Amino acid sequence: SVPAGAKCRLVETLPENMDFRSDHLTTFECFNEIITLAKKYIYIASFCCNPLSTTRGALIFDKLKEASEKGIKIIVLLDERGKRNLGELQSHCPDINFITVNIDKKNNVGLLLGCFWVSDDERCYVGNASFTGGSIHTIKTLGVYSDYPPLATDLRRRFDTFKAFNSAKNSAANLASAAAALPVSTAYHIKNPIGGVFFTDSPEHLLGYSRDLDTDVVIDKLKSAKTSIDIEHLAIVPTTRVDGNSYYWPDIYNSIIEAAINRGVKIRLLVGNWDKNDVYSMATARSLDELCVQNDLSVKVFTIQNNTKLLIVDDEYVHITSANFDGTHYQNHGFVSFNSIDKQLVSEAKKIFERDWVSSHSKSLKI
Ligand SMILES: O=C(NN1C(=O)[C@@H]2[C@@H]3C=C[C@@H]([C@H]4C[C@@H]34)[C@@H]2C1=O)c1ccc(C(F)(F)F)cc1
């Protein structure tokens, strides 16, 4: 028999200067458990890589340095745009194998956002706490940890597809025949979850034929929302700016409005503050302002460094990820998202969203 929730528990970062309190596992505690219980390997992936920026980040890096010195294979995948701190990292840990990744060499837009850990094919973390000293200590984050081996192995297979896009000689990032020979597999998806948990992936050109696109899964859950939509992402402005041009993409932005106007879903949105100089953010703000007064919508903003990417639907489905609901992310970027329908796991997620919705850092949207 399989366990309910796949042995999953919540993990997050609550800085001391912030009023967030919870009994769940902390991000700093989580990484020590992974490194201490590690016996075979430790695979880590994120965009930036800068652990020494805080005290708690430097302690995990020292525990990982000790791990690489005892015979544990340590491989760290970072996007080639976080290559500044590379010489600093290898200078402190020579035994850790750092690898620069460029998943999109066709247009150089897709970035590596896959923010997760995996060790011994038994334990694993996933969330929005990137391998930075801030995301462990000073930046509020949110993730999930599970010591269920079958779940960690299906997350290891996500790591295998990403490692192939290394910038060294002929590989999946250089050759097209070596990129087509990738066993891009997945053990569980929306049509066959494990213990009520499954993974969704991104972008579309890295799914193969078995994996699920996170874009289609999120929109389907938003269009199938009957009661409540609770989102805590950085921003949901349908327009992003790639290079010196703007990219309009309102797929997630419209499916939410379709819920609050046609279906009358009580929707609460907790996004970060925006720039007054950005006409795209201001026009998006003045639009949402007219809906909280007309339909059952509510919007609050925050100014703190927060990477949280949470989506709760009808107290029946929870979606934690590292990418933000926008066009640039769900079209080119590569990451892995957490999906679970376990009522007890979604309940603990609703417990967190309510906490942040009433926190002092969440002031009401004023225009
Ligand atoms: O979302 C609406 N408009 N809107 C966009 O289409 C975006 C584009 C244009 C302006 C900004 C950004 C540059 C991108 C965004 C924005 O606010 C909107 C939704 C519902 C209503 C109604 F109130 F009738 F319910 C009216 C309008």
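What follows is calculated from the coordinates using simple rules that are stated; it is not laboratory data. Virtual Cβ from ideal backbone geometry, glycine too; neighbours counted across all protein chains shown.
What does the charge count around residue 109 come to, taking other residues whose C-beta lies under 15 Å from its C-beta (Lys +1, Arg +1, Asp -1, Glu -1)?
It works out to a net charge of -2.
Among 55, 240, rank each residue by its count of other Cβ atoms within 10 Å, from fewest to most, as a rough exposure measure.
Starting with the residue having the fewest Cβ neighbours, the order is 55, 240.
Within segment 206-227, list the residues whose amide N lies under 16 Å from a label point set 7 Å along Cα→Cβ of residue 182.
206-214, by backbone N distance to the label point.
Compute log10 of I(q)/I(0) for segment 28-95 with the Debye formula, placing one identical point scatterer on every Cα and leaving out solvent, at q = 0.22, 0.26, 0.27, 0.29 Å⁻¹, to two decimals.
The computed values of log10 I(q)/I(0) come out as -1.02, -1.38, -1.45, -1.54.
So, in nm, how far is label residue 266 from label residue 70 when the simple model puts each one 7 Å beyond its Cα toward the Cβ?
For residue 266 paired with residue 70, the spin-label model returns 4.9 nm.
When the helix-only estimate is applied to the chain (DSSP H runs of n ≥ 4, each -39,500 (n - 2.57), divided by the residue count), what is the mean residue ellipticity at 222 nm, nearest 500 deg cm²/dmol?
-8500 deg cm²/dmol
Zone of residue 360 (label point 7 Å along Cα→Cβ, backbone N under 18 Å): which residues in segment 1-37?
Zone members listed by number: 14-22.
What shape does segment 280-323 take by its C-alpha gyration tensor, where a ≥ b ≥ c are the square roots of the eigenvalues and a/c under 1.5 counts as rounded, a/b above b/c as prolate, and the rest as oblate?
Oblate.
Any chance you could check the Cα centroid distance between segment 305-355 and segment 4-46 for me, in angstrom?
16 Å
What ranking do 158-170, 193-205 get when scored by the average of other Cβ atoms within 10 Å per residue, highest first?
Going from most to least packed, we get 193-205, 158-170.
Averaging the inverse of every distinct alpha carbon separation and then flipping it gives the Kirkwood radius. What is it for segment 72-183, in angstrom units?
15.3 Å
Give the percent of DSSP beta bridges with both residues in segment 4-364 that are antiparallel, rounded to the nearest 5.
Bridges in segment 4-364 are about 60 percent antiparallel.
Using only the Cα atoms of the chain, what semi-axes does the equivalent ellipsoid have when each is the square root of 5 times a gyration tensor eigenvalue? Give whole Å, largest first.
Square roots of five times the eigenvalues give 32, 23, 21 Å.
Sort the following peptides by mean Cβ neighbour count (other Cβ atoms within 10 Å, averaged over residues), highest first: 244-257, 321-334.
My ranking of the peptides, most packed first, is 321-334, 244-257.
Using all Cα-Cα distances in segment 108-159, what percent lands in each 10 angstrom bin from 0 up to the longest?
Going from the shortest bin to the longest, the percentages are 25, 45, 27, 2.
Let's see if you can work this out: charge +1 on each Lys and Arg Cβ, -1 on each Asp and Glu Cβ, no other charges. What is the dipole magnitude of segment 4-364 about its Cα centre, in debye to the nearest 20?
Around 420 debye, computed over segment 4-364.
Give the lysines whose C-alpha is closer than 25 Å to that of residue 106, dropping any in the same chain fewer than 8 places away, or say none.
Cross-link targets: 83, 163, 169.
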